[PDB]
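Spelled out from the first residue to the last, the chains are:
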Amino acid sequence: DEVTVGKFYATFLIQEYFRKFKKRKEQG
Amino acid sequence: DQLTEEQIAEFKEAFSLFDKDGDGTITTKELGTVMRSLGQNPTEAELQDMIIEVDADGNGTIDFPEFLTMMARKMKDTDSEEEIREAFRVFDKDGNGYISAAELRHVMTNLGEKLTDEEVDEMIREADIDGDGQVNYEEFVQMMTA
Ligand SMILES: [Ca+2]
Ligand SMILES: [Ca+2]
Ligand SMILES: [Ca+2]
Ligand SMILES: [Ca+2]
């Protein structure tokens, strides 16, 4: 379970890290 | 329990990485192709196992409602250390314990949202506490928990 689920959740965590980085950098 | 529109959009973007052709379902073949693009080499039996674990009806593919059910529940799991290590392994495809600018750029290009090369350098630098130009696991954990 955690092995299978973890692969999908890991890509979410990475995408979230990138998204938050870019949003914060470009904050108006 | 409460899911926001933004959380649903984030999970949709994660789903779209695996649904390579955009047709609404993740197949065993697509899952294998994406995993290999992230530097991993699962067996065919492991791939079938992953589909079966998420595929709530019996049709052999993952649609977004099934994906969202699994991801919203995972959001309530407490094993944050294990999930961050899995993310580390996505980046550290050569398994030497350090994430390089090149490894970060490679994951970036596969996952969708574009970073410039200057932004890649900046992301490494801001996580590189000890100043060797790479991100080790303990640096990565601190980066991902902030
Ligand atoms: Ca598909
Ligand atoms: Ca299904
Ligand atoms: Ca590495
Ligand atoms: Ca370092």
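Residues numbered from 1 in each chain as written, not as in the entry; some residues may be left out. Chains lettered and ligands numbered in written order. Heavy atoms only, no water. Residues with missing side-chain atoms left out of burial classes, pairs and counts.

In the PDB archive, X-ray crystallography is given as the structure determination method for this entry, at a resolution of 1.7500 Å.

Chemist: How do you make sense of the side chain of B:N136 when you look at a structure like this?
Modeler: Residues and elements named next belong to chain B. Structurally, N136 can be placed in strand 4 (residues 135–136). On the basis of relative accessibility, which here comes to 13%, the residue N136 falls in the buried class. Of note is the side chain of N136, whose polar atom sits 2.8 Å from the backbone nitrogen of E139. Beyond its immediate sequence surroundings of up to four residues, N136 is in contact with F88, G97, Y98 and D130. (Helix = DSSP H or I, 4+ residues; strand = E, 2+ residues; numbered from the N terminus. Buried < 20%, exposed > 50% of the residue type's maximum accessible area, 1.4 Å probe, protein only. Polar contact = N/O pair within 3.5 Å; in protein donor to acceptor, adjacent residues only side chain to side chain. Contact = heavy atoms within 4.5 Å.)

Chemist: Help me out: how do you make sense of the coordination of the calcium ion (ligand 2) in this one?
Modeler: Six octahedrally arranged donors around a metal ideally form angles of 90 or 180 degrees; four tetrahedrally arranged donors ideally form angles of 109.5 degrees. Residue and element names in this part refer to chain B. All of the protein donors around the calcium ion (ligand 2) are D55 (OD), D57 (OD), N59 (OD1), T61 (O), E66 (OE) and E66 (OE); their distances to the metal are 2.3 to 2.6 Å. Its 6 donor atoms give the calcium ion (ligand 2) angles of 50 to 163° at the centre, a pattern that matches the irregular case. Residue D57 is classed as partly exposed on the basis of its relative accessible area of 38%. Exposure remark for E66: the relative accessible area of 8% places this residue in the buried category. (Donors = N, O, S within 2.8 Å, 3.2 Å for Na, K, Ca; no water. Tetrahedral: all angles 85-135°; square planar, octahedral: opposite > 155°, others 65-115°.)

Chemist: I'm lost on the pattern of salt bridges in this one. Help?
Modeler: Any two side chains of opposite charge can pair, on the condition that their charged atoms come close. For the structure shown, the criterion picks out 10 salt bridges over all chains. We note a salt bridge from B:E119 to A:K22, for which the minimum N-O separation is 3.3 Å. Of the two residues, B:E119 sits in helix 7 (residues 117–127) while A:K22 sits in helix 1 (residues 2–26), which places them in two different chains. By relative accessible area, B:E119 is classed as buried at 11%. The closest approach of N and O atoms between B:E122 and A:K25, which form a salt bridge, is 2.7 Å. With one member in each of two chains, B:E122 in helix 7 and A:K25 in helix 1 form a pair that bridges those chains. Taking the relative accessible area as the measure of exposure, B:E122 reaches 18% and is therefore buried. (Salt bridge = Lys/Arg side-chain N within 4 Å of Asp/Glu carboxyl O.)

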